[PDB]
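Only one chain is given next, in structure tokens, and it is the form deposited in one PDB entry.
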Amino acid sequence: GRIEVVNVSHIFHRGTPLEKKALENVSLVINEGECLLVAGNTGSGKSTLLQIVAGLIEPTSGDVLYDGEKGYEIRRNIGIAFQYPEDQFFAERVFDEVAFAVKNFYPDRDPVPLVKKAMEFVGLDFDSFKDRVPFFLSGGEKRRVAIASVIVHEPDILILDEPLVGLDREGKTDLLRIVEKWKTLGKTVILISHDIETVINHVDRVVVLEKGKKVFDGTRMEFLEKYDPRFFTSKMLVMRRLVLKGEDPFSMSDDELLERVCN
């Protein structure tokens, strides 16, 4: 629940003529019940970071301390979703794909109820998707399958890499519902999303990367008010006008924003 990364940096293939400094001395604290948005350009290396935080790779020069530690059945409470869902598939049927986490960390219990509720809270009908091949689904349906497979066993840490990508409006409101219903449970969420504009109503703290370096680690409220706004979306610039004069735009419907801007 209390993931702390200490002077981590990671070097891909240290020895050969390439090395690549994916990460550059990253250190940040992410408390429980906190939702963190990992942002930055395409070279920043946020996916690398979330892979480390999820214990998928070993830093070549760092530690991530959960409360100390490593790896044991702490696995149990980590659930990372890859930005490309197919990079995560292994099963020939959607049911097996989703049921993995339950069958793995909880080999005693019947998975059918759990994977059922998991599937329907990403909008996938059970008797309609359970026996289909994951690879033979639409992009949005693949995204949903991934999300479901990593929320099925209710981990303490829910790491989502580009979870909005490929979903329709209904799919995105389903995802954000998931994020909320895991903040309510006092669980930790970690987000990568180029689309800050949507996620930010539901995020507590932003971190921004830059060639591995961390060039920002403020709060949500302190990111729209203290960060280079050259590349904000219109909505973000608007919320910015609303934070600068005193108000709290993170609680205004897409229309209430407008009214409070011109009228």
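Take the two forms, find the largest set of C-alpha atoms that superpose within 1.5 Å, and that set is the rigid core. Start at 1 with the first residue shown and count on from there.
**Student:** Can you count the deposited residues that have no coordinates between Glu69 and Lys70 and report it as none, 1 to 3, 4 to 9, or 10 or more?
**Tutor:** Gap size class: 1 to 3 residues without coordinates, per the record.
**Student:** Tell me which of 114 to 122 and 138 to 146 has the higher mean C-alpha B-factor in the deposited entry.
**Tutor:** Per the PDB record, 114 to 122.
**Student:** Comparing 105 to 113 with 81 to 89, where is the mean C-alpha B-factor higher?
**Tutor:** Stretch with the higher mean C-alpha B-factor: 105 to 113.
**Student:** Say you rank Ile196, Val26, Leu50, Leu36 by Cα B-factor from the PDB entry; which sits at the top?
**Tutor:** Highest C-alpha B-factor among the listed options: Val26.
**Student:** Quick check for you: using the entry's CA B-factors within this chain, is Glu73 in the lowest, middle or highest third?
**Tutor:** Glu73: CA B-factor falls in the highest third of its chain.
**Student:** Can you work out whether the C-alpha temperature factor of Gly186 puts it in the lowest, middle or highest third of the chain?
**Tutor:** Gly186: CA B-factor falls in the highest third of its chain.
There is another form of this protein, the form deposited in another entry, and it is not shown here; the text below is about that form.
**Student:** Using a rigid core superposition, assess whether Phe121 undergoes a CA shift of 2 Å or more between the shown form and the other one.
**Tutor:** It does, since the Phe121 C-alpha is displaced 2 Å or more between the shown form and the other one after the core fit.
**Student:** Quick one: core overlaid, is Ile190 moving 2 Å or more at the Cα between the shown form and the other one?
**Tutor:** No: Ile190 shifts by under 2 Å between the shown form and the other one.
**Student:** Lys103: CA shift of at least 2 Å between the shown form and the other one after core fit?
**Tutor:** The answer is yes; the displacement is at least 2 Å.
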